[PDB]
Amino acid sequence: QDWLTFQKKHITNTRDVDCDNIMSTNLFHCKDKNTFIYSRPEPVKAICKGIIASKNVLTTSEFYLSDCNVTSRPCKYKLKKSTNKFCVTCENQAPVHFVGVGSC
């Protein structure tokens, strides 16, 4: 919905996200999956530069991705690290929603 929420939900300052800890907090409420982007915020915000009306945009660059993926045991996760492009919804020159990995 907005840039601050997007960062809280998707930007990490470690690749080695502690899935079992972070996913169990109220922000993520033990949901099934979440993709974290290992990056300082500013190159992520730059994905949306110049884009005013809501639009989905795939990154030009590859990013380091850390996914928390739920196992067969509720609220227990595996950390999967990967490198890929990802798709965000840009609005008023900022990412406001994460769409998906690899494609819009």
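Heads up: residue numbers just count along the shown sequence, starting at 1.
- Set 19-27 against 82-90 and average the Cα temperature factors; 19-27 ends up higher.
- In this entry, 36-44 shows the higher mean Cα temperature factor of the pair 52-60 and 36-44.
- For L4, the recorded CA temperature factor ranks within the highest third of the chain's modelled residues.
- Remark: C68 belongs to the middle third of its chain, ranked by C-alpha B-factor as recorded.
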